[PDB]
């Protein structure tokens, strides 16, 4: 039959390849919707008939659980990731270090810093927490180029519409157009974690077999090659 997965936009390439292999080996079509985890959790609350939800943070899974929208016994942390700064591939921007004295103003040179919208996109929330911790937020908040999800922020940098952007380490792996120029210290922000859960009322043998496959070795291979860490 058919399975619908709502997945954080950073999972795009990994989930597409997983769906391909799952169809090949088991016959079932997996159709994913990719968007900010916030948008997808709100769609699920409203009644969108997703079978599985994978969030780029604990926050928006918590939100869907609190709304009684999730089969909570299935909830498990699946993946981790790093938070990075990226530049267009061709840019001459050097690697730099991120600390309380980083000269963000200098690095941007009058350009914007592409981010997932920090009002709700997990990549933006992680970014804001870090820049607040580091004392850079009041300097950088006027210079942001927010995006509907972390892949829209990635696309701004790819197109050299922003000279730097904050995206996940895995997003740099997926893109042929950017390179990593810095990594946020892990102690600057909450650990990046992706919970998966079956959506309430969607726990049937078909959906459950694909849920199990996500936690399995074929999926793990694909996730690792796309720059996710396996929990």
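Residue numbers count along the first chain shown, from 1.
- Looking at mean Cα B-factors across 177-185 and 194-202, the upper value is held by 177-185.
- Here the stretch with the larger average CA B-factor, out of 151-159 and 114-122, is 151-159.
- The PDB entry assigns the greatest CA B-factor among 77, 97, 141, 74 to 97.
- In this PDB entry, the Cα temperature factor of residue 7 sits in the bottom third of its chain's modelled residues, the lowest group.
- For residue 28, the recorded CA B-factor ranks within the highest third of the chain. Only modelled residues enter the ranking.
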